[PDB]
Structures are given as C-alpha cells and as structure tokens.
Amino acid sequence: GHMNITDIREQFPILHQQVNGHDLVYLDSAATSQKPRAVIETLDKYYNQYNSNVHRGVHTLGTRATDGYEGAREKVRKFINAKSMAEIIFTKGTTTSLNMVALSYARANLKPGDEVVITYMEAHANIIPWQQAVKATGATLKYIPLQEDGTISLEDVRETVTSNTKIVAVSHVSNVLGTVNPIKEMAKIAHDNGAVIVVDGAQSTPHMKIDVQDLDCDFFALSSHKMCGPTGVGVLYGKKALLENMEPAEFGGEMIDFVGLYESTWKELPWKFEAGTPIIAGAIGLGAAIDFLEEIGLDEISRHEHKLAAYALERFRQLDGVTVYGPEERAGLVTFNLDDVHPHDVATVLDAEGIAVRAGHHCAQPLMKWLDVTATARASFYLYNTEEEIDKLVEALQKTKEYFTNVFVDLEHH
C-alpha cells in the first residue's frame, strides 16, 4: 500500500485535460504510456545544457553526453538484472530488437529441417521476422497451441519444441489476452531441446519486474514508449556469449574498429550493434523513466495493476452482453467486445465520453482469427489509472449498449 495514486497522477501533466468536455480517461497504455515530469524534464535538461555527440571524450559537453548515455545503459542493465552492459543494446524499439535477432542470429543459424517455434498469441513484431527468416533459410515455422482460456500449456510446449527446434520466440505478456506466459519453464524446455529462447517483453517490462538471470532468457526485447520513456528507443538484451558470435545487423560509424577499402572489423560489445549516432536523448530519458519506476517500485505497480484488473473483471462481469477474452489471472488490461456493437463504434462513443481505448486487431491477426473475431476493443491500465476510471468505463459501456439498442428499436419502428 505504499502507492499514492494522487501523487503519481500529479506528475503526469497530460492527464489533466478535458476531451469533448469530459475529463480525460486514458486507458490505452498498452498502445503507449504517458510520461512523468521527470522524463520530460530530463529531455529538456539534455537539450538545454549538455547535448553533444557521444564516444569522443574531447570536450566537456561531449563527455557529459557520453556519461549520460552510458549511465542510462548501466541503468537498463540494473533494471533487468543483466550481468553486463555488453549485453544491453539500444535500439529504436522492441520490433527492431526482434528483427535484429531474426537477422543476425536466426538467418545465420537456421538450416533446412530446423524449427522456429512461436505461439498463436504473438504480436506481429514476434511473427513476421521469423516468417521471413525461415523463408530465407528454408527452415520450418511452428506454432504452440493455446488453451481454451488463452493460456499456454507446458505440455503443449514440450510437444511443439523438438530436437530440431533452434529458436523459441514467445511474448512475456500478451497485449491482447493479458496472459502472463511461463517464460522460465519455457526457457528450460527450449534449452533442454537445444534451442535458444527469445522473449518479447514489450508488455511485461513496464508493469512487472524483469530478471533475465532468473528467466534465463537468451534474448529479451523491450520498448521505452510503453514504460513512461521517450518514443523511438528500446532495448535488446542478449546473453553475451550469443551476442559475441552474432554479426551486426547494421553497418557504419561508431560500430567499427578498423575500416579498410574492402574489409572492416567491428567494435566490441555492445557498440558492435549500435551504428551511427545513437539515440542519445531518448536513451537518457529512458534511464530517467527507469529511475522513476524504480523509486515507485515495480512490485507496487504490479500489485496496483492486479487490483485494477480484478476490479475491472468483476465490473465487466456485471455487464450484460459483453465478452471478455483471456484468463482470469492476467496483467492490467481487458480486451472485450460488446454484443451487436462493432468495437470501433464502442471506442468512438467512449472517446465522445472522454475515454481513450483501442479498437482493432492490436497487431495480432492470427490471434483474432483464433478468437473467431474480426476486431476487438481494449482498455489497458498503468500506474496512473484508478478504479473510478474503470467505473466511468463500465458506465459508458452500459450507456453505449443502451444507446445502440434504442437506436436499433427506433429504426425497426420505421
């Protein structure tokens, strides 16, 4: 109970506005999160006081910028409990990190007969890179089936992963079902079969503590914009032994050692995988966001979101004609559908009430077809959301149902 939601909301200026005459109710944090004053003012101080190119150590502003950038790297390492800063690569997001794994590891380690194993609930960022990799290498793509409640059975994992499996790619938390996957046990299974494991942690990292040494994940991808950090920056973590043997996905300055006319040698880790001028301000702001979240406490955020999710599930079960997808035990989000109402109209009406939710396929079309739906609505929570906002959401959903029912009965009257 260490968490004061009023004091937390006071740090996010964007929450204190009205939309369509109604107080803003932002329930779309799984799409992107909002930023506290700490992060915005960190970007401000960088651009106002010590912006310069990094990795030169020549003048004072350059030294300060380099110190900020590499200190943010160390902050990330501590945040996910990685062994070394050499295992922390700054990218532009989760998607780019997964693409780097698929390019530099998969396409170099896949032979005909090899298997890449994913799940039906994966977002598109954790699907199409593997599709392209197996198409380029002539390998085989396989899918772990899902249970009736949208969870993954460990026996299904043991059945799908075989001696020919080299890569198992799975999300830590589903951005649609809210499912928390058994990443540690799946990693043990993949290693038992001689495969590596690649964890999509875009949805888990902002909301729960990450320990890559306890997870024993071989790769782990995360996105800054979902965890109160700036846009356009993310992290690829990989075990140092694996990253040492992988060739770079991008080539250019800053990642080189010697450059001949036709041949070149690369820098050591992690700079081998960071070509060109890096995302300096964004990485420093991600470090600031990590400081913010850690001072609040990721366990506290997790418990707050558990309370929010249980409350939301109970209040959704109080609504007639509403279908919620996923398991009971879940992260802080609810994907649903109103009977007789397309989710786009639901979210339009909700925005008219000032409530921001997402409508569509949520970048998971195979999962949508597994759910036998064309689209869904989704309300997602974070550390600044309250139970009163969920009350507003469910009241607006009831009003939406009533409104569309009575629009139906008047046009039938005609």
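Numbers follow the displayed sequence, beginning with 1.
*Asks:* Name the higher of the two by mean Cα B-factor in the PDB entry, 150 to 158 versus 77 to 85.
*Replies:* Mean CA B-factor is higher for 150 to 158.
*Asks:* When the Cα temperature factors in the entry are averaged, is it 139 to 147 or 307 to 315 that ends up higher?
*Replies:* Stretch with the greater average CA B-factor: 139 to 147.
*Asks:* Return the residue from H172, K272, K209, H342 that has the highest Cα B-factor in the entry.
*Replies:* By C-alpha B-factor in the record, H342 ranks first.
*Asks:* Using the entry's values, work out which of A190, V233, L236, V198 has the largest Cα B factor.
*Replies:* Of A190, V233, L236, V198, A190 has the highest C-alpha B-factor.
*Asks:* Lowest, middle or highest third: which one holds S52 when the chain's residues are ordered by CA B-factor from the entry?
*Replies:* Lowest third.
*Asks:* Taking the C-alpha B-factors as the PDB entry records them, is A283 in the lowest, middle or highest third of its chain?
*Replies:* For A283, whose C-alpha B-factor we compare with every modelled residue in the chain, the answer is the lowest third.
*Asks:* Lowest, middle or highest third: where is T165 by C-alpha B factor in its chain?
*Replies:* Highest third, going by the recorded CA B-factors of the chain.
*Asks:* Please place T376 in the lowest, middle or highest third of its chain by C-alpha B factor as given in the entry.
*Replies:* As the PDB entry reports it, the C-alpha B-factor of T376 lands in the middle third of its chain.
*Asks:* Could you say whether, by C-alpha temperature factor, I40 belongs to the lowest, middle or highest third of its chain?
*Replies:* Its C-alpha B-factor, which the entry lists for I40, ranks in the lowest third among residues of this chain.
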